[PDB]
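Here we start with a single chain on its own, the form deposited in one PDB entry, put down as structure tokens.
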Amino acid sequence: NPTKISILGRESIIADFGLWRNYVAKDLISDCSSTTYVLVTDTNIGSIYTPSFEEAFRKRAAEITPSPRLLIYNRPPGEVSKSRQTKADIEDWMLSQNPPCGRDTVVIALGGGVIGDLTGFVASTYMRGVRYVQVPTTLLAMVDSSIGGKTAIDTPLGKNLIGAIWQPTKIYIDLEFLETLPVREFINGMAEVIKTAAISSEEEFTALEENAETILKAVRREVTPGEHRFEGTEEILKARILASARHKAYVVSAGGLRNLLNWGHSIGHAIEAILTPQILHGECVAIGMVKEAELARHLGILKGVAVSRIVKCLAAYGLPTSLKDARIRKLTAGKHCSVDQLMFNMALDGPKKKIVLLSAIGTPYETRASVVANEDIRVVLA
């Protein structure tokens, strides 16, 4: 039942409900032998999950002589802790324990994008490289963030500017984290999930359209204490989620496909650079996919009915589909993205623009990002 997915050779992705409680601690010891296991997380995420883990650790760690140790570090929440100085606070922290954390260390990244990127990057340079595993707590991190080996930190001049490609030895996808993942954060992650489906399998996109109501009903429902948020749809949820992560993994193992993973992001990033941090990545990318789908329709590449499904499906999962979206409006206080600013932020990444184009749901136009004229792009921005 512990669904395993491979990436770049061996299977590092292990997805199932309850891994954090009954499988992680044990697996680390048996597959990631070491004397030191360093866990990184933010105070909030750690005050909730770290406790049950410390216990699951000694349990399975005591059957060994000498017994390995567990050192824990709680960084402040927010994308604040994703900086040159926190990376340093951690490094110096590990280097200070007695005995100092050596090269056998195994770093645990318990958290979302912020925790994953920072933690992943720390291990990549700690004594020129040490093993580490990923335990994404957020949906977005589960299907996109954790997978790929991309790690980095942010600077006053921009996001993810300093970092390295360091693959995680393991990627534990505990779908039980979703049971308590703030609603908004869930809807947020579903943007990439839908993104993946729409660029690879019209049948998977269809299953998303079908399960939308159900999944979203569970996500929003008032869960009675002692009951599992996703009772009855465990398999549905599992399927729809792992399907996205599985595709991400397949692209990583393979610049054609990878480029297709930026569908909606061309315009999405332009939107996000303006609306962040009030509006989240997934939310922007949702609007981004919509616009980029309209462009394909504009070039006569994509058919309208397809554009409708993208929009309907995205909305069915609580995602916004236009900058006119009220929620957005209220959250940004009237922050307005102009066609000029949008076009400016897109070229911030020349005379043309490389936009991922779809000819049909689940079927890309080219096996790469297409080249589209600016004037044609300035038509789908408003």
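Note that the rigid core is defined as the largest set of C-alphas that superpose within 1.5 Å between two forms. Quick note: we count residues from 1 along the sequence shown, nothing fancier.
Unshown form deposited with a small molecule bound; subsequent notes refer to it.
> Even though the small molecule is not shown here, does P182 get within 4.5 Å of it in the bound PDB entry, heavy atoms only?
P182: yes, in contact with the small molecule in the bound PDB entry.
> Is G112 close enough to the small molecule in the bound PDB entry to count, meaning some heavy atom within 4.5 Å?
Yes, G112 is a contact residue.
> Closest heavy atom of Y172 to the small molecule in the bound PDB entry, within 4.5 Å or not?
Outside the cut-off, so no.
> Is the gap between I287 and the small molecule in the bound PDB entry 4.5 Å or less for some heavy atom pair?
So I287 does not count as contacting the small molecule.
> From the list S67, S52, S33, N44, which entry has a heavy atom within 4.5 Å of the small molecule in the bound PDB entry?
The residue from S67, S52, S33, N44 that makes the contact is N44.
> Going by heavy atom distances of 4.5 angstroms or less, which of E91, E294, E204, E79 would be at the interface with the small molecule in the bound PDB entry?
By the 4.5 Å heavy-atom cutoff, the listed residue in contact is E79.
> Has each of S200, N211 and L237 got a heavy atom lying within 4.5 angstroms of the small molecule in the bound PDB entry?
Judged in the bound PDB entry, none of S200, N211 and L237 sits within 4.5 Å of the small molecule.
> Specify the contacting stretch among 92-100, 295-303, 137-145, 218-226, defined as having any heavy atom within 4.5 Å of the small molecule in the bound PDB entry.
Answer to the contact question: 137-145.
> Would you say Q341 moves between this form and the one not shown, meaning its CA shifts by 2 Å or more once the core is fitted?
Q341: C-alpha displaced by less than 2 Å between this form and the one not shown.
> Would you say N44 moves between this form and the one not shown, meaning its CA shifts by 2 Å or more once the core is fitted?
After core superposition, the C-alpha of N44 moves 2 Å or more between this form and the one not shown.
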